[PDB]
Amino acid sequence: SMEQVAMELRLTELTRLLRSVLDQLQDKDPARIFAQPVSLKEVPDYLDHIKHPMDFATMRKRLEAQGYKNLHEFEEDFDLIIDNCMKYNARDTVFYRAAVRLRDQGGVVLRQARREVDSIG
């Protein structure tokens with residue numbers, strides 16, 4: 001149907017905008033602390049602690065499969081990155097501090113992304 005195509009074009013345009021958002025969020029992590037999943041070889045207990053692990057590579061795979069239907073779903077995943085890290089790691093650690101910084105810096109990007117998604121439809 002033509003409707004299905006129009007819907008698909010919207011999904012594709014959302015995917016384009018989320019890719020740019022993702023790039024901007026990931027620039028706020030210059031140490032690459034959140035680049036890749038936490039290694040179960042190097043943190044064998046990790047899944048006892050964290051039930052839904054997340055990282056920027058895993059978000060990028062979902063993105064390119066057009067697997068985010070709306071900004072809210074994408075934000076959920078971004079928040080998992082931050083929130084997982086802040087539970088597993090103590091306050092006095094480079095990891096926790098990196099999450100706080102990513103959260104604070106990402107908020108700005110996400111604030112305008114919401115406006116753009118609402119605005120452009």
# chains A, B, ... in the order shown; residues from 1 in each chain; ligands from 1
>>> residues_around(residues="residue 103 of chain A", least_positions_apart="3", cutoff="12 Å", atoms="only C-alpha atoms", output="list in words")
residues 25, 26, 28, 29, 34, 75, 78, 79, 80, 81, 82, 83, 85, 86, 96, 97, 98, 99, 100, 106, 107, 108, 109, 110 and 111 of chain A
>>> residues_around(residues="residue 12 of chain A", least_positions_apart="4", cutoff="8 Å", atoms="only C-alpha atoms", output="list in words")
residues 8, 16 and 66 of chain A
>>> closest_residue(among="A:24, A:112, A:89, A:4", to="residue 71 of chain A", atoms="only C-alpha atoms")
A:112
>>> residues_around(residues="residue 76 of chain A", least_positions_apart="6", cutoff="12 Å", atoms="only C-alpha atoms", output="MDAnalysis selection string")
chainID A and resid 52:55 59 68:70 82:84 110
>>> write_last_selection(atoms="N, CA and C atoms", output="CSV table (one decimal), in the first residue's frame")
chain,number,residue,atom,x,y,z
A,52,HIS,N,19.5,-6.0,32.1
A,52,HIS,CA,19.3,-5.5,30.7
A,52,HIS,C,20.6,-4.7,30.4
A,53,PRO,N,21.7,-5.3,30.0
A,53,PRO,CA,22.9,-4.6,29.6
A,53,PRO,C,22.7,-3.8,28.3
A,54,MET,N,23.4,-2.7,28.2
A,54,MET,CA,23.3,-1.9,27.0
A,54,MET,C,24.6,-1.1,26.8
A,55,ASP,N,24.8,-0.7,25.6
A,55,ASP,CA,26.0,-0.1,25.1
A,55,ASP,C,25.8,0.6,23.7
A,59,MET,N,23.1,-0.4,20.5
A,59,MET,CA,22.1,0.6,20.1
A,59,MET,C,22.2,0.8,18.6
A,68,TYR,N,14.2,1.1,16.3
A,68,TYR,CA,13.5,2.2,17.2
A,68,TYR,C,12.3,2.8,16.5
A,69,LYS,N,11.1,2.5,17.1
A,69,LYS,CA,9.8,3.0,16.5
A,69,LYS,C,9.6,4.5,16.8
A,70,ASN,N,10.2,5.0,17.9
A,70,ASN,CA,9.9,6.4,18.4
A,70,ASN,C,11.2,6.8,19.2
A,82,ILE,N,23.4,4.4,31.2
A,82,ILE,CA,23.8,5.3,32.3
A,82,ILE,C,23.4,4.6,33.6
A,83,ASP,N,22.2,4.1,33.6
A,83,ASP,CA,21.6,3.6,34.8
A,83,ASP,C,22.3,2.3,35.3
A,84,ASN,N,22.6,1.4,34.3
A,84,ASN,CA,23.4,0.2,34.6
A,84,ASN,C,24.7,0.5,35.2
A,110,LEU,N,19.2,15.5,23.8
A,110,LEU,CA,17.9,14.8,23.8
A,110,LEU,C,16.7,15.8,23.9
>>> closest_residue(among="A:2, A:94, A:7, A:43", to="residue 121 of chain A", atoms="only C-alpha atoms")
A:7
>>> atom_distance(atom1="atom CA of residue 22 of chain A", atom2="atom CA of residue 105 of chain A")
12.7 Å
>>> select_by_dssp(residues="segment 1-115 of chain A", states="helix (DSSP H, G or I)", output="PyMOL selection string")
chain A and resi 2-27+46-49+56-64+71-88+94-115
>>> closest_residue(among="A:33, A:120, A:65, A:40", to="residue 93 of chain A", atoms="only C-alpha atoms")
A:33
